[PDB]
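What follows is each chain in one-letter form.
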Amino acid sequence: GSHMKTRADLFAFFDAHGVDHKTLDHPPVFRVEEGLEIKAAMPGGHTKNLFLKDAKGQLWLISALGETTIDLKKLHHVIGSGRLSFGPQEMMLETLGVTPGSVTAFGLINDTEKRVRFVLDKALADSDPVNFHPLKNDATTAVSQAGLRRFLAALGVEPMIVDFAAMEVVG
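Determination of this PDB entry was carried out by solution NMR, according to the record.

As recorded in the PDB entry, the chain goes by DNA-binding protein, putative and comes from Caulobacter vibrioides. The deposited PDB record carries the title "CC ProXp-ala apo solution structure". The record in UniProt for the chain states the following under Sequence similarities (unreviewed entry): "Belongs to the PRORSD1 family."

A. Layout of the overall build of the chain. When you go through the chain residue by residue, the secondary structure sums to six helices and eight strands. The helix and strand sequence of the chain, counted from the amino end, reads α-β-α-β-β-α-β-α-α-β-β-α-β-β. Against the compact-globule benchmark of 16 Å for 171 residues, the chain has a radius of gyration of 15 Å, which places it among compact chains. Its C-alpha atoms give the chain principal-axis dimensions of about 40 × 35 × 30 Å. Expressed as a percentage of its 171 residues, the buried residues of the chain come to 40%.

B. Broad picture of the pairing of strand β3 (residues 59–64). Buried residues dominate β3, accounting for five of its six residues. Connecting strand β2 (residues 48–53) to the antiparallel partner β3 that follows it, the hairpin turn spans five residues, and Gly57 within it adopts a positive phi of roughly 110 degrees.

C. Looking closely at the layout of surface pockets. In this structure, the largest pocket spans a volume of roughly 600 Å³. Around the largest pocket, the lining is made up of 24 residues, and of these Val29, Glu34, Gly35, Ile38 and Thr140 lie nearest the centre. Among the elements that take part in the lining of the largest pocket, helix α2 (residues 36–39) stands out by supplying four residues, more than any other. Among the residues making up the lining of the largest pocket, the classes are represented as nine nonpolar, nine polar and six charged.

D. Expanded view of the pairing of strand β7 (residues 160–163). The pairing of strand β5 (residues 117–121) with β7 spans three bridges and is classified as parallel. Looking across to β7, one finds that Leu120 is bridged to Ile161. Sheet topology places β7 next to strand β8 (residues 168–169); two bridges connect them, and they run antiparallel. Pairing of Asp163 across the sheet is with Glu168, part of β8. Counting the residues in the hairpin turn of β7 and β8 gives four residues, including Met167, whose phi is positive at 65 degrees.

Reading the values: rules and limits
- Residues numbered from 1 in each chain as written, not as in the entry; some residues may be left out.
- Heavy atoms only, no water.
- UniProt positions renumbered as here; feature names shortened; annotations may be inferred.
- Helix = DSSP H or I, 4+ residues; strand = E, 2+ residues; numbered from the N terminus.
- Rg over C-alpha atoms; globule rule 2.2 N^0.38 Å.
- Buried < 20%, exposed > 50% of the residue type's maximum accessible area, 1.4 Å probe, protein only.
- Pairing = 2+ DSSP bridges.
- 1 Å grid on protein atoms, 1.4 Å probe; cavity = no way out; pocket = protein on both sides within 12 Å on 5 of 7 lines; lining within 4 Å.
- Points joined across faces, edges and corners; volume = space filled by probe spheres on them.
- Nonpolar A, V, L, I, M, F, W, Y, C, P; charged D, E, K, R; others polar.

Written out as structure tokens, the structure reads:
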């Protein structure tokens, strides 16, 4: 809809659920910096966000670390069906209504319609942990594999693992 969540609700959201995650009030990037200094504490950050949608109409969020080269060609092949392909960003702005770049970070927050499934890459689920660039692009946010559990458990989302190398679900 025409309503996007805000930090006031986000910070309080994870604060009310006592999630194992904790947002960092770090400053933005003024000069050429990859967050190497903070990286020492956060093994994530330089992650990638994929935006795809199935033929059924549901969107799929596939997050992977910035170390491996995700194979979109082998992504859909993992299942064969679903017609998973690059979807129009407009779909993420209407459902997730977030900023361009990392909609999988806090896309579920805005997606209160129980839509859009959260898919974690075998490499991303390897404890990136899951640092992404949500609406709070101004600040950093890290959530351990144990954190998202309480995050999706509230929204009603079920995280799934898929190893592009194994061509199957890692459950």
